[PDB]
Amino acid sequence: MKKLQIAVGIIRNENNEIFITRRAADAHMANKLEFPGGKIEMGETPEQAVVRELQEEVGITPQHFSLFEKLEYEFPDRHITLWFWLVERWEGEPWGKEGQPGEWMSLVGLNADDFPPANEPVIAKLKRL
Ligand SMILES: Nc1nc2c([nH]c(=O)n2[C@H]2C[C@H](O)[C@@H](COP(=O)(O)O)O2)c(=O)[nH]1
Ligand SMILES: [Mg+2]
């Protein structure tokens, strides 16, 4: 079967703003407004998957932990698990290896349009704030 897991955590900055990968720092993918922690799927545990990938997607030392929301849905012949974790702080700039560098933005205005549309089920909840 076709199934893939994803665990992410919105890093909280020093100004109630979270650092998320958006249009990279100088890339073309402007609709890549996503978060770190992806790839947890690999072969980790529901708990170590994020905690492990966290170091891989942050590399820094941030007071980051707890989950904000987690959901598991499967598309017509596809299985996508998206876990959203809550973060409270992060020292310096987050690097790890998420993919496309981001900037400290206000999560109160998340972009469900810029980020993957099929991945709205998660944002549809928080987006409505
Ligand atoms: N089944 C399913 N998987 C999806 C959808 N959208 C989406 O990004 N995914 C997948 C692809 C990605 O690899 C992953 C999210 O993190 P990455 O883009 O970093 O891999 O989940 C979808 O609509 N259905
Ligand atoms: Mg990763």
# chains A, B, ... in the order shown; residues from 1 in each chain; ligands from 1

$ residues_near_ligand --ligand "ligand 2" --cutoff "7 Å" --atoms "only C-alpha atoms and all ligand atoms" --output "list in words"
residues 37, 38, 39, 40, 53, 56, 57, 97 and 98 of chain A

$ write_last_selection --atoms "N, CA, C and O atoms" --output "PDB file, in the first residue's frame"
ATOM      1  N   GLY A  37      10.187  19.428  10.373  1.00  0.00           N
ATOM      2  CA  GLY A  37       9.891  18.140  10.982  1.00  0.00           C
ATOM      3  C   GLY A  37       9.467  17.061   9.995  1.00  0.00           C
ATOM      4  O   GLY A  37       9.313  15.906  10.371  1.00  0.00           O
ATOM      5  N   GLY A  38       9.299  17.425   8.739  1.00  0.00           N
ATOM      6  CA  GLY A  38       8.907  16.464   7.723  1.00  0.00           C
ATOM      7  C   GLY A  38       9.891  15.312   7.571  1.00  0.00           C
ATOM      8  O   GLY A  38      11.054  15.430   7.958  1.00  0.00           O
ATOM      9  N   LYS A  39       9.421  14.201   6.986  1.00  0.00           N
ATOM     10  CA  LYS A  39      10.251  13.017   6.748  1.00  0.00           C
ATOM     11  C   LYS A  39      10.299  12.074   7.948  1.00  0.00           C
ATOM     12  O   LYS A  39      10.920  11.013   7.878  1.00  0.00           O
ATOM     13  N   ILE A  40       9.645  12.446   9.042  1.00  0.00           N
ATOM     14  CA  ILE A  40       9.630  11.599  10.236  1.00  0.00           C
ATOM     15  C   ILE A  40       9.249  10.170   9.881  1.00  0.00           C
ATOM     16  O   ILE A  40       9.639   9.214  10.551  1.00  0.00           O
ATOM     17  N   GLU A  53      13.507  13.734  14.032  1.00  0.00           N
ATOM     18  CA  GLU A  53      13.560  14.601  12.863  1.00  0.00           C
ATOM     19  C   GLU A  53      13.678  16.062  13.281  1.00  0.00           C
ATOM     20  O   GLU A  53      14.132  16.904  12.505  1.00  0.00           O
ATOM     21  N   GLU A  56      17.017  17.106  13.123  1.00  0.00           N
ATOM     22  CA  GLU A  56      17.380  17.106  11.716  1.00  0.00           C
ATOM     23  C   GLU A  56      16.761  18.286  10.989  1.00  0.00           C
ATOM     24  O   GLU A  56      17.270  18.718   9.955  1.00  0.00           O
ATOM     25  N   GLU A  57      15.643  18.792  11.504  1.00  0.00           N
ATOM     26  CA  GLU A  57      14.970  19.902  10.850  1.00  0.00           C
ATOM     27  C   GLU A  57      15.109  21.215  11.620  1.00  0.00           C
ATOM     28  O   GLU A  57      14.527  22.228  11.235  1.00  0.00           O
ATOM     29  N   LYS A  97      17.403  20.979   8.664  1.00  0.00           N
ATOM     30  CA  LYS A  97      17.436  20.541   7.269  1.00  0.00           C
ATOM     31  C   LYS A  97      16.021  20.381   6.708  1.00  0.00           C
ATOM     32  O   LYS A  97      15.745  19.447   5.954  1.00  0.00           O
ATOM     33  N   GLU A  98      15.130  21.299   7.075  1.00  0.00           N
ATOM     34  CA  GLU A  98      13.747  21.263   6.602  1.00  0.00           C
ATOM     35  C   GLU A  98      13.694  21.299   5.079  1.00  0.00           C
ATOM     36  O   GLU A  98      13.016  20.485   4.453  1.00  0.00           O
TER      37      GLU A  98
END

$ select_by_dssp --residues "chain A" --states "strand (DSSP E or B)" --output "PyMOL selection string"
chain A and resi 3-12+18-21+34+64-73+79-87+103-105

$ write_last_selection --atoms "N, CA, C and O atoms" --output "short mmCIF file (atom, residue, chain, number, x, y, z; two decimals), in the first residue's frame"
data_model
loop_
_atom_site.label_atom_id
_atom_site.label_comp_id
_atom_site.auth_asym_id
_atom_site.auth_seq_id
_atom_site.Cartn_x
_atom_site.Cartn_y
_atom_site.Cartn_z
N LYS A 3 1.55 4.63 1.74
CA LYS A 3 1.34 5.43 2.95
C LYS A 3 2.60 6.20 3.32
O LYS A 3 3.71 5.69 3.17
N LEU A 4 2.42 7.42 3.81
CA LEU A 4 3.54 8.26 4.20
C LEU A 4 3.18 9.13 5.40
O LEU A 4 2.11 9.73 5.44
N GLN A 5 4.09 9.19 6.38
CA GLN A 5 3.86 9.97 7.58
C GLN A 5 4.64 11.28 7.56
O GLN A 5 5.69 11.39 6.93
N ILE A 6 4.11 12.27 8.27
CA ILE A 6 4.73 13.57 8.37
C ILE A 6 4.48 14.19 9.74
O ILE A 6 3.34 14.30 10.18
N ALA A 7 5.55 14.60 10.40
CA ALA A 7 5.45 15.22 11.71
C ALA A 7 6.14 16.57 11.67
O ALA A 7 7.29 16.66 11.28
N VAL A 8 5.43 17.62 12.05
CA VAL A 8 6.02 18.94 12.01
C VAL A 8 5.76 19.73 13.29
O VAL A 8 4.87 19.39 14.06
N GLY A 9 6.54 20.77 13.49
CA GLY A 9 6.39 21.61 14.66
C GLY A 9 6.63 23.07 14.33
O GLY A 9 7.73 23.46 13.95
N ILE A 10 5.59 23.89 14.49
CA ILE A 10 5.71 25.32 14.21
C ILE A 10 6.57 25.98 15.29
O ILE A 10 6.15 26.10 16.43
N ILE A 11 7.79 26.38 14.92
CA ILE A 11 8.70 27.00 15.87
C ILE A 11 8.25 28.40 16.26
O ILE A 11 8.01 29.24 15.41
N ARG A 12 8.14 28.62 17.57
CA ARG A 12 7.71 29.91 18.09
C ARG A 12 8.90 30.82 18.36
O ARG A 12 9.81 30.47 19.13
N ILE A 18 6.04 32.59 14.44
CA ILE A 18 6.67 31.30 14.20
C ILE A 18 7.44 31.27 12.88
O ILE A 18 6.98 31.80 11.86
N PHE A 19 8.60 30.63 12.92
CA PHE A 19 9.46 30.50 11.75
C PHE A 19 9.04 29.29 10.92
O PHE A 19 9.18 28.15 11.35
N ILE A 20 8.52 29.55 9.73
CA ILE A 20 8.08 28.49 8.84
C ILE A 20 8.70 28.68 7.46
O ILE A 20 8.96 29.81 7.04
N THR A 21 8.93 27.59 6.75
CA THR A 21 9.51 27.67 5.41
C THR A 21 8.50 28.27 4.44
O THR A 21 7.49 27.64 4.13
N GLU A 34 5.54 25.77 4.13
CA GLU A 34 5.33 24.64 5.03
C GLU A 34 6.11 24.79 6.33
O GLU A 34 6.70 25.83 6.60
N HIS A 64 11.47 23.87 22.43
CA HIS A 64 10.43 23.42 21.52
C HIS A 64 9.88 22.07 21.94
O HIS A 64 10.64 21.11 22.14
N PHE A 65 8.56 21.98 22.08
CA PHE A 65 7.93 20.74 22.49
C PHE A 65 6.41 20.89 22.59
O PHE A 65 5.88 22.00 22.59
N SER A 66 5.72 19.75 22.69
CA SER A 66 4.26 19.71 22.80
C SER A 66 3.61 19.71 21.43
O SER A 66 4.21 20.16 20.45
N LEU A 67 2.40 19.18 21.35
CA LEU A 67 1.68 19.12 20.08
C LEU A 67 0.49 20.07 20.06
O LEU A 67 -0.25 20.16 21.04
N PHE A 68 0.31 20.76 18.95
CA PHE A 68 -0.79 21.70 18.79
C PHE A 68 -2.00 20.99 18.19
O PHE A 68 -3.15 21.26 18.55
N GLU A 69 -1.73 20.08 17.26
CA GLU A 69 -2.77 19.32 16.59
C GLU A 69 -2.16 18.22 15.73
O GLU A 69 -1.11 18.40 15.13
N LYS A 70 -2.83 17.08 15.66
CA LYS A 70 -2.35 15.96 14.86
C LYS A 70 -3.53 15.23 14.22
O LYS A 70 -4.52 14.92 14.88
N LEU A 71 -3.42 14.96 12.92
CA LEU A 71 -4.49 14.27 12.20
C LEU A 71 -3.92 13.28 11.19
O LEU A 71 -2.83 13.46 10.67
N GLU A 72 -4.69 12.22 10.93
CA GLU A 72 -4.28 11.19 9.99
C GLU A 72 -5.40 10.91 8.98
O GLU A 72 -6.44 10.35 9.34
N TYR A 73 -5.18 11.31 7.74
CA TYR A 73 -6.17 11.11 6.68
C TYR A 73 -5.54 10.43 5.48
O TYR A 73 -4.35 10.61 5.20
N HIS A 79 -2.17 7.36 1.52
CA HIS A 79 -2.21 7.52 2.97
C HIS A 79 -1.21 8.58 3.43
O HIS A 79 0.00 8.39 3.31
N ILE A 80 -1.72 9.69 3.94
CA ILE A 80 -0.87 10.77 4.42
C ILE A 80 -1.18 11.11 5.87
O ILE A 80 -2.29 11.51 6.21
N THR A 81 -0.18 10.97 6.73
CA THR A 81 -0.33 11.28 8.15
C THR A 81 0.39 12.58 8.47
O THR A 81 1.61 12.68 8.29
N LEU A 82 -0.35 13.58 8.93
CA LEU A 82 0.25 14.87 9.26
C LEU A 82 0.08 15.21 10.74
O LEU A 82 -1.03 15.44 11.21
N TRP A 83 1.20 15.28 11.45
CA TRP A 83 1.19 15.62 12.86
C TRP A 83 1.75 17.02 13.06
O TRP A 83 2.88 17.30 12.68
N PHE A 84 0.95 17.89 13.67
CA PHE A 84 1.39 19.25 13.92
C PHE A 84 1.74 19.44 15.40
O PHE A 84 0.91 19.23 16.28
N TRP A 85 2.99 19.81 15.65
CA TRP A 85 3.48 20.00 17.01
C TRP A 85 3.65 21.47 17.36
O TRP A 85 3.93 22.30 16.50
N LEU A 86 3.46 21.79 18.64
CA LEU A 86 3.57 23.15 19.13
C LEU A 86 4.96 23.43 19.70
O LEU A 86 5.54 22.60 20.40
N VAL A 87 5.48 24.62 19.39
CA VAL A 87 6.79 25.05 19.85
C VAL A 87 6.67 26.35 20.60
O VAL A 87 5.81 27.17 20.28
N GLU A 103 11.30 32.79 7.51
CA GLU A 103 11.44 34.00 8.31
C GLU A 103 10.42 34.02 9.45
O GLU A 103 9.39 33.35 9.36
N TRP A 104 10.70 34.77 10.50
CA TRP A 104 9.79 34.85 11.64
C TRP A 104 8.50 35.56 11.23
O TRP A 104 8.48 36.78 11.05
N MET A 105 7.43 34.79 11.09
CA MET A 105 6.13 35.34 10.70
C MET A 105 5.08 35.06 11.76
O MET A 105 5.26 34.20 12.61
#

$ residues_around --residues "residue 93 (chain A)" --least-positions-apart "3" --cutoff "9 Å" --atoms "only C-alpha atoms" --output "ChimeraX atom specification"
/A:19,58,60,90

$ closest_residue --among "A:44, A:120, A:14, A:88" --to "ligand 1" --atoms "only C-alpha atoms and all ligand atoms"
A:120

$ atom_distance --atom1 "CA of residue 1 (chain A)" --atom2 "atom 20 (O, counted along the ligand's line) of ligand 1"
17.3 Å

$ closest_residue --among "A:96, A:36, A:109, A:101" --to "ligand 1" --atoms "only C-alpha atoms and all ligand atoms"
A:36

$ closest_residue --among "A:50, A:110, A:24, A:118" --to "ligand 1" --atoms "only C-alpha atoms and all ligand atoms"
A:118

$ closest_residue --among "A:111, A:31, A:55, A:63" --to "ligand 1" --atoms "only C-alpha atoms and all ligand atoms"
A:31

$ closest_residue --among "A:125, A:22, A:89, A:78" --to "residue 61 (chain A)" --atoms "only C-alpha atoms"
A:89

$ closest_residue --among "A:15, A:116, A:49, A:124" --to "ligand 1" --atoms "only C-alpha atoms and all ligand atoms"
A:116

$ atom_distance --atom1 "CA of residue 100 (chain A)" --atom2 "CA of residue 25 (chain A)"
6.8 Å

$ residues_around --residues "residue 108 (chain A)" --least-positions-apart "4" --cutoff "10 Å" --atoms "only C-alpha atoms" --output "VMD selection string"
chain A and resid 16 to 18 126 to 129

$ select_by_dssp --residues "region 40-113 of chain A" --states "alpha helix (DSSP H)" --output "PyMOL selection string"
chain A and resi 48-58

$ write_last_selection --atoms "N, CA, C and O atoms" --output "PDB file, in the first residue's frame"
ATOM      1  N   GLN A  48       9.326   9.271  18.614  1.00  0.00           N
ATOM      2  CA  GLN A  48      10.703   9.572  18.228  1.00  0.00           C
ATOM      3  C   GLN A  48      10.784  10.106  16.801  1.00  0.00           C
ATOM      4  O   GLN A  48      11.779  10.719  16.417  1.00  0.00           O
ATOM      5  N   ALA A  49       9.737   9.872  16.018  1.00  0.00           N
ATOM      6  CA  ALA A  49       9.700  10.328  14.636  1.00  0.00           C
ATOM      7  C   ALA A  49       9.887  11.836  14.552  1.00  0.00           C
ATOM      8  O   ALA A  49      10.719  12.326  13.789  1.00  0.00           O
ATOM      9  N   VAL A  50       9.116  12.569  15.345  1.00  0.00           N
ATOM     10  CA  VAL A  50       9.209  14.024  15.357  1.00  0.00           C
ATOM     11  C   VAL A  50      10.417  14.481  16.170  1.00  0.00           C
ATOM     12  O   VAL A  50      11.191  15.329  15.727  1.00  0.00           O
ATOM     13  N   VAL A  51      10.562  13.916  17.366  1.00  0.00           N
ATOM     14  CA  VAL A  51      11.660  14.266  18.257  1.00  0.00           C
ATOM     15  C   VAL A  51      13.008  14.051  17.582  1.00  0.00           C
ATOM     16  O   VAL A  51      13.949  14.814  17.798  1.00  0.00           O
ATOM     17  N   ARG A  52      13.097  13.010  16.763  1.00  0.00           N
ATOM     18  CA  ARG A  52      14.337  12.711  16.065  1.00  0.00           C
ATOM     19  C   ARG A  52      14.526  13.648  14.879  1.00  0.00           C
ATOM     20  O   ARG A  52      15.569  14.286  14.738  1.00  0.00           O
ATOM     21  N   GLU A  53      13.507  13.734  14.032  1.00  0.00           N
ATOM     22  CA  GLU A  53      13.560  14.601  12.863  1.00  0.00           C
ATOM     23  C   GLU A  53      13.678  16.062  13.281  1.00  0.00           C
ATOM     24  O   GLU A  53      14.132  16.904  12.505  1.00  0.00           O
ATOM     25  N   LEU A  54      13.265  16.362  14.512  1.00  0.00           N
ATOM     26  CA  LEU A  54      13.327  17.725  15.022  1.00  0.00           C
ATOM     27  C   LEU A  54      14.756  18.249  14.989  1.00  0.00           C
ATOM     28  O   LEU A  54      15.006  19.371  14.554  1.00  0.00           O
ATOM     29  N   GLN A  55      15.693  17.419  15.431  1.00  0.00           N
ATOM     30  CA  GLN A  55      17.097  17.798  15.432  1.00  0.00           C
ATOM     31  C   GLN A  55      17.597  17.918  14.000  1.00  0.00           C
ATOM     32  O   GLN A  55      18.475  18.725  13.697  1.00  0.00           O
ATOM     33  N   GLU A  56      17.017  17.106  13.123  1.00  0.00           N
ATOM     34  CA  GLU A  56      17.380  17.106  11.716  1.00  0.00           C
ATOM     35  C   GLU A  56      16.761  18.286  10.989  1.00  0.00           C
ATOM     36  O   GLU A  56      17.270  18.718   9.955  1.00  0.00           O
ATOM     37  N   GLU A  57      15.643  18.792  11.504  1.00  0.00           N
ATOM     38  CA  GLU A  57      14.970  19.902  10.850  1.00  0.00           C
ATOM     39  C   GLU A  57      15.109  21.215  11.620  1.00  0.00           C
ATOM     40  O   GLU A  57      14.527  22.228  11.235  1.00  0.00           O
ATOM     41  N   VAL A  58      15.903  21.206  12.687  1.00  0.00           N
ATOM     42  CA  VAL A  58      16.131  22.413  13.469  1.00  0.00           C
ATOM     43  C   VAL A  58      17.616  22.570  13.769  1.00  0.00           C
ATOM     44  O   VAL A  58      18.182  23.653  13.618  1.00  0.00           O
TER      45      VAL A  58
END
